[PDB]
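A.B. asks: Structure: model32.pdb, PDB, C-alpha atoms (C1' of nucleotides).
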ATOM      1  CA  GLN A 703      24.949 -16.862  30.135
ATOM      2  CA  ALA A 704      25.504 -17.818  26.490
ATOM      3  CA  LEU A 705      23.455 -18.752  23.407
ATOM      4  CA  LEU A 706      23.741 -22.270  22.005
ATOM      5  CA  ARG A 707      22.264 -24.118  19.037
ATOM      6  CA  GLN A 708      20.704 -27.579  19.318
ATOM      7  CA  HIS A 709      19.230 -30.288  17.120
ATOM      8  CA  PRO A 710      17.050 -32.415  19.428
ATOM      9  CA  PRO A 711      16.692 -36.022  18.238
ATOM     10  CA  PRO A 712      13.892 -36.992  15.821
ATOM     11  CA  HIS A 713      11.008 -39.430  16.224
ATOM     12  CA  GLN A 714       9.893 -42.467  14.273
ATOM     13  CA  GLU A 715       6.974 -41.105  12.296
ATOM     14  CA  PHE A 716       8.870 -39.137   9.630
ATOM     15  CA  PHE A 717      10.945 -42.330   9.264
ATOM     16  CA  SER A 718       7.834 -44.523   8.947
ATOM     17  CA  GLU A 719       7.004 -43.749   5.299
ATOM     18  CA  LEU A 720      10.769 -43.676   4.663
ATOM     19  CA  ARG A 721      10.937 -47.308   5.810
ATOM     20  CA  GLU A 722       7.864 -48.020   3.671
ATOM     21  CA  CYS A 723       9.716 -46.910   0.543
ATOM     22  CA  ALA A 724      12.869 -48.520   1.969
ATOM     23  CA  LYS A 725      10.755 -51.692   2.365
ATOM     24  CA  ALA A 726       9.932 -51.638  -1.361
ATOM     25  CA  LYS A 727      13.311 -52.156  -3.086
ATOM     26  CA  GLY A 728      15.574 -54.343  -0.982
ATOM     27  CA  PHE A 729      17.211 -52.166   1.672
ATOM     28  CA  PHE A 730      16.553 -52.848   5.336
ATOM     29  CA  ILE A 731      17.215 -49.870   7.625
ATOM     30  CA  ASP A 732      16.689 -49.305  11.343
ATOM     31  CA  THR A 733      16.150 -46.155  13.424
ATOM     32  CA  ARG A 734      17.819 -46.315  16.831
ATOM     33  CA  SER A 735      20.909 -44.080  16.715
ATOM     34  CA  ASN A 736      22.489 -41.550  14.352
ATOM     35  CA  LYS A 737      25.534 -43.838  14.234
ATOM     36  CA  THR A 738      23.651 -46.846  12.891
ATOM     37  CA  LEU A 739      21.410 -44.571  10.818
ATOM     38  CA  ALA A 740      24.448 -43.205   8.982
ATOM     39  CA  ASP A 741      26.128 -46.617   8.740
ATOM     40  CA  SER A 742      23.119 -48.589   7.499
ATOM     41  CA  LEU A 743      22.656 -45.743   5.013
ATOM     42  CA  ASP A 744      26.089 -45.166   3.487
ATOM     43  CA  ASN A 745      26.507 -48.842   2.530
ATOM     44  CA  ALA A 746      23.317 -49.029   0.465
ATOM     45  CA  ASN A 747      24.543 -48.260  -3.065
ATOM     46  CA  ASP A 748      22.196 -49.597  -5.742
ATOM     47  CA  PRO A 749      24.507 -50.854  -8.535
ATOM     48  CA  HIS A 750      22.531 -50.235 -11.729
ATOM     49  CA  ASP A 751      21.278 -46.735 -10.881
ATOM     50  CA  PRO A 752      22.733 -43.525  -9.372
ATOM     51  CA  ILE A 753      19.603 -41.720  -8.149
ATOM     52  CA  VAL A 754      18.895 -44.088  -5.256
ATOM     53  CA  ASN A 755      21.315 -42.648  -2.697
ATOM     54  CA  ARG A 756      20.462 -38.991  -3.355
ATOM     55  CA  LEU A 757      16.728 -39.755  -3.285
ATOM     56  CA  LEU A 758      16.890 -41.860  -0.118
ATOM     57  CA  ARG A 759      18.980 -39.350   1.830
ATOM     58  CA  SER A 760      16.587 -36.664   0.556
ATOM     59  CA  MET A 761      13.558 -38.407   2.034
ATOM     60  CA  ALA A 762      15.854 -38.827   5.034
ATOM     61  CA  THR A 763      16.333 -35.045   4.872
ATOM     62  CA  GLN A 764      12.542 -34.581   4.964
ATOM     63  CA  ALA A 765      12.526 -36.392   8.337
ATOM     64  CA  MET A 766      14.356 -34.597  11.089
ATOM     65  CA  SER A 767      14.194 -31.855  13.721
ATOM     66  CA  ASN A 768      15.056 -28.149  13.994
ATOM     67  CA  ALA A 769      17.882 -25.920  15.223
ATOM     68  CA  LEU A 770      16.958 -23.061  17.535
ATOM     69  CA  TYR A 771      18.684 -20.911  20.138
ATOM     70  CA  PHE A 772      18.317 -20.889  23.912
ATOM     71  CA  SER A 773      19.922 -19.222  26.911
TER      72      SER A 773
ATOM     73  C1'   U B   1     -30.456 106.880 -51.046
ATOM     74  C1'   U B   2     -31.329 100.838 -46.558
ATOM     75  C1'   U B   3     -30.898 103.203 -39.609
ATOM     76  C1'   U B   4     -31.675 100.821 -34.004
ATOM     77  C1'   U B   5     -31.684  96.465 -30.622
ATOM     78  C1'   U B   6     -32.196  91.281 -29.059
ATOM     79  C1'   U B   7     -27.297  88.560 -21.226
ATOM     80  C1'   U B   8     -24.545  83.235 -20.620
ATOM     81  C1'   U B   9     -20.556  77.175 -20.706
ATOM     82  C1'   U B  10     -24.890  73.164 -12.502
ATOM     83  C1'   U B  11     -24.305  75.209  -7.236
ATOM     84  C1'   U B  12     -21.652  71.664  -3.392
ATOM     85  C1'   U B  13     -17.799  68.672  -0.629
ATOM     86  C1'   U B  14     -13.279  68.519   5.451
ATOM     87  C1'   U B  15     -17.792  60.102   4.868
ATOM     88  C1'   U B  16     -18.187  55.764  10.142
ATOM     89  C1'   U B  17     -17.614  50.286   9.547
ATOM     90  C1'   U B  18     -14.954  45.651  15.164
ATOM     91  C1'   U B  19     -13.820  38.919   9.710
ATOM     92  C1'   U B  20     -11.177  33.771   8.138
ATOM     93  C1'   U B  21      -9.754  26.749   4.772
ATOM     94  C1'   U B  22     -14.103  23.717   3.975
ATOM     95  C1'   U B  23     -19.466  23.503   3.471
ATOM     96  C1'   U B  24     -24.024  18.101   2.006
ATOM     97  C1'   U B  25     -25.222  10.637   1.181
ATOM     98  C1'   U B  26     -25.435   5.494  -2.205
ATOM     99  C1'   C B  27     -26.527  -1.136  -0.157
ATOM    100  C1'   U B  28     -25.341  -6.582   0.815
ATOM    101  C1'   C B  29     -21.016  -8.985  -1.832
ATOM    102  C1'   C B  30     -19.019 -18.341  -2.944
ATOM    103  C1'   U B  31     -10.863 -16.652  -3.431
ATOM    104  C1'   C B  32     -11.355 -24.461  -6.872
ATOM    105  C1'   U B  33      -8.195 -29.420  -4.976
ATOM    106  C1'   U B  34      -0.705 -34.017  -3.566
ATOM    107  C1'   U B  35      -0.366 -32.805   1.884
ATOM    108  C1'   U B  36       1.127 -33.138   6.780
ATOM    109  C1'   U B  37       3.118 -27.767   6.983
ATOM    110  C1'   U B  38       9.519 -28.331   5.285
ATOM    111  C1'   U B  39      13.312 -27.153   8.995
ATOM    112  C1'   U B  40      20.417 -30.162  11.011
ATOM    113  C1'   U B  41      24.564 -29.230   7.801
ATOM    114  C1'   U B  42      28.587 -26.141   4.985
ATOM    115  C1'   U B  43      30.538 -22.776   1.633
ATOM    116  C1'   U B  44      28.017 -15.087   1.068
TER     117        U B  44
END
Represent the structure from my file as structure tokens, please.
C.D. replies:
Amino acid sequence: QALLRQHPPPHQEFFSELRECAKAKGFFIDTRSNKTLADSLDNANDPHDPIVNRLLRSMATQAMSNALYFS
RNA sequence: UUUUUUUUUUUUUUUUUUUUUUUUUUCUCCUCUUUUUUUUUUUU
């Protein structure tokens, strides 16, 4: 008896096009664990432009799952 | 030195009654365009 709030893990297909655009300028990423997701993200810092990180994490933010309650 | 007579304003009053807003038409009718639909997160 309580009410908790989950974010069940994602699946590859919202990452697929992400990788596509990731596979266009340089960066290699992989999708196996939120640890290595966040690590292989936060390093990639394109030198001569600022938008890249925002934009990439924003397509990343178009990927994932939902947060809903359950007993 | 000029007398006498020729009516006038219809009579009547001491009759019963048990309903009810309105009211009566007008036909079938091509909604144009990046999408699957995004989604955690924190500050109200």
A.B. asks: Please, which residues of chain A lie no more than 12 Å from chain B when the count uses all atoms listed in the file, and can they be set out as a PDB file with C-alpha atoms, in the coordinates of the input?
C.D. replies:
ATOM      1  CA  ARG A 707      22.264 -24.118  19.037  1.00  0.00           C
ATOM      2  CA  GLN A 708      20.704 -27.579  19.318  1.00  0.00           C
ATOM      3  CA  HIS A 709      19.230 -30.288  17.120  1.00  0.00           C
ATOM      4  CA  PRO A 710      17.050 -32.415  19.428  1.00  0.00           C
ATOM      5  CA  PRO A 711      16.692 -36.022  18.238  1.00  0.00           C
ATOM      6  CA  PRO A 712      13.892 -36.992  15.821  1.00  0.00           C
ATOM      7  CA  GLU A 715       6.974 -41.105  12.296  1.00  0.00           C
ATOM      8  CA  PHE A 716       8.870 -39.137   9.630  1.00  0.00           C
ATOM      9  CA  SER A 760      16.587 -36.664   0.556  1.00  0.00           C
ATOM     10  CA  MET A 761      13.558 -38.407   2.034  1.00  0.00           C
ATOM     11  CA  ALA A 762      15.854 -38.827   5.034  1.00  0.00           C
ATOM     12  CA  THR A 763      16.333 -35.045   4.872  1.00  0.00           C
ATOM     13  CA  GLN A 764      12.542 -34.581   4.964  1.00  0.00           C
ATOM     14  CA  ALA A 765      12.526 -36.392   8.337  1.00  0.00           C
ATOM     15  CA  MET A 766      14.356 -34.597  11.089  1.00  0.00           C
ATOM     16  CA  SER A 767      14.194 -31.855  13.721  1.00  0.00           C
ATOM     17  CA  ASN A 768      15.056 -28.149  13.994  1.00  0.00           C
ATOM     18  CA  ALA A 769      17.882 -25.920  15.223  1.00  0.00           C
ATOM     19  CA  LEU A 770      16.958 -23.061  17.535  1.00  0.00           C
TER      20      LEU A 770
END
A.B. asks: Atom CA of residue A:754 to atom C1' of residue B:36: how many Å, to one decimal?
C.D. replies: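 Taking atom CA of residue A:754 and atom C1' of residue B:36, their separation equals 24.1 Å.
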A.B. asks: Can you measure atom CA of residue A:720 to atom CA of residue A:759 for me? One decimal in Å is fine.
C.D. replies: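 Separation of atom CA of residue A:720 and atom CA of residue A:759: 9.7 Å.
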A.B. asks: Quick check on the file I pasted: which residues fall under the PyMOL selection byres ((chain A and resi 731) around 8)? Write them as JSON, numbers by chain.
C.D. replies: {"A": [721, 724, 729, 730, 732, 733, 739, 742, 743]}
A.B. asks: Mind writing the picked residues with C-alpha atoms as a short mmCIF file (atom, residue, chain, number, x, y, z; two decimals), in the frame of the given file?
C.D. replies:
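Output (result03.cif):
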data_model
loop_
_atom_site.label_atom_id
_atom_site.label_comp_id
_atom_site.auth_asym_id
_atom_site.auth_seq_id
_atom_site.Cartn_x
_atom_site.Cartn_y
_atom_site.Cartn_z
CA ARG A 721 10.94 -47.31 5.81
CA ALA A 724 12.87 -48.52 1.97
CA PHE A 729 17.21 -52.17 1.67
CA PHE A 730 16.55 -52.85 5.34
CA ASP A 732 16.69 -49.30 11.34
CA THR A 733 16.15 -46.16 13.42
CA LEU A 739 21.41 -44.57 10.82
CA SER A 742 23.12 -48.59 7.50
CA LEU A 743 22.66 -45.74 5.01
#
A.B. asks: Extending 3 Å beyond the listed atoms of stretch 725-744 of chain A on each side, what axis-aligned box results? I want centre and edge lengths in Å to one decimal, as JSON.
C.D. replies:
{"center_x": 18.0, "center_y": -47.9, "center_z": 6.9, "size_x": 22.2, "size_y": 18.8, "size_z": 25.9}
A.B. asks: Quick one: residues within 8 Å of residue A:773, all atoms listed in the file, excluding same-chain residues fewer than 4 positions away - as an MDAnalysis selection string?
C.D. replies: chainID A and resid 703:706
A.B. asks: Measure the distance from atom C1' of residue B:42 to atom CA of residue A:772 in Å and round it to one decimal.
C.D. replies: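 Calculated distance between atom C1' of residue B:42 and atom CA of residue A:772 is 22.2 Å.
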